[PDB]
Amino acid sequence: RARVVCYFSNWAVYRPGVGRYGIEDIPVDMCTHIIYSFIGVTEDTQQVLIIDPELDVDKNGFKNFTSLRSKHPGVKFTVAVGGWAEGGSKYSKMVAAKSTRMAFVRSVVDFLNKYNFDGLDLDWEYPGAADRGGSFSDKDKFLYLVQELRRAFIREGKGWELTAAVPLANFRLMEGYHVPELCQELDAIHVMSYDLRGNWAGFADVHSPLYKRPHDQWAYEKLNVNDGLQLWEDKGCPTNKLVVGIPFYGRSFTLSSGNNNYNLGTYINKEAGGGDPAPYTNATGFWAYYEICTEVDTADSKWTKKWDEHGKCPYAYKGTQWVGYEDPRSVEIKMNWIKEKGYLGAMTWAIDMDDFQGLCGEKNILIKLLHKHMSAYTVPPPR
């Protein structure tokens, strides 16, 4: 009764060569809930914004995705609104008044009906975040949006789910999230237990450490997956609503000039913006799992791979380049820990970055680990 929640990126179809990943590449039976990412909100009218209408509507992307249920009927297919590229300001604007929230809610209900989705995942990054166009009143008004969406979903009578992707840093929680009230209205809380470190922090480190390391101090002291999920529990979310995110990508860095120390916490060249872009994702500071394994795991690789003994995550480096990520060892350790803690299940950002071509020898290796572990696991009653 555990969940395996798979985010699917609608832009991965534009990656070149073996990076191209479309609806037809989703390994549907490895997931229990699959989430088409992203739609947005319009700035002026507070309606659903279709972000790639040529793909999502003209080439039938949304409907090909939802019509996957014909052959896979036990899986739920929902849509996510928001995401990082959307920004936060349009969402703060949309929730600022009852009238604008109701315009959005109506728009969402029409959309979910039009494309036969099973519900909505909220991915506003983030209510209350000054760095993302937010402000103080977002905390109350996001809860109002959630309560209003749930009521609309009940009125529609189709049993749609409402879920949200959430951060784990305490300051983000305090600024944006009425935890007990939200966890009561939502079917699942998809915890973004990743991007916990990265170029923005000014030092090299793995980005999904499971436990605290000695170098973790002040706002990093509890910024790890174990303590972050414990914070969600402490603030009032039931264990059986929490789904733990697992990144199928690495955060990379360019090390500072003449720096020969490759340990966790080593200084970086922050102005570089991260490690150099990889060939398929073409994004500074961000490498898909398949981009990492094809470089690090080959027999004649010149990368050096190490292990964070406390964070339980791999990292690898070569030259000035350093990347922290998840591999099968670390993902196994996290699946066992989810079961130990009794959480609702596992989530992946994102299924389009697993080694779905088997470039490294084993097709869909990471999602197969999530599926193997979760499908044999019974979620216990709340703690």
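Each residue number is its position in the shown sequence, starting from 1.
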Item checked: 202-210 versus 258-266 - which carries the larger mean C-alpha B factor in the record -> 258-266
Check: 245-253 versus 101-109: which one carries the higher mean Cα B factor per the record?
Finding: 101-109
Next item on the list: Please work out which residue in 131, 175, 121, 195 has the highest C-alpha B-factor recorded for this crystal structure.
Entry: 131
Notebook entry, point to check: Among 81, 75, 219, 143, which residue carries the highest C-alpha B-factor recorded in the PDB entry?
Noted result: 219
Notebook entry, point to check: What third of its chain's C-alpha B-factors does residue 355 belong to: lowest, middle or highest?
Noted result: lowest
Notebook entry, point to check: Lowest, middle or highest third of the chain for the C-alpha temperature factor of residue 326?
Noted result: lowest
Next item on the list: Just say lowest, middle or highest third for the CA B-factor of residue 163 relative to the other modelled residues in its chain.
Entry: lowest
Note to self: Where does the C-alpha B-factor of residue 345 rank in its chain, lowest, middle or highest third?
What the structure shows: lowest
Next item on the list: Classify residue 317 as lowest, middle or highest third according to the C-alpha B-factor given in the PDB entry, relative to its own chain.
Entry: highest
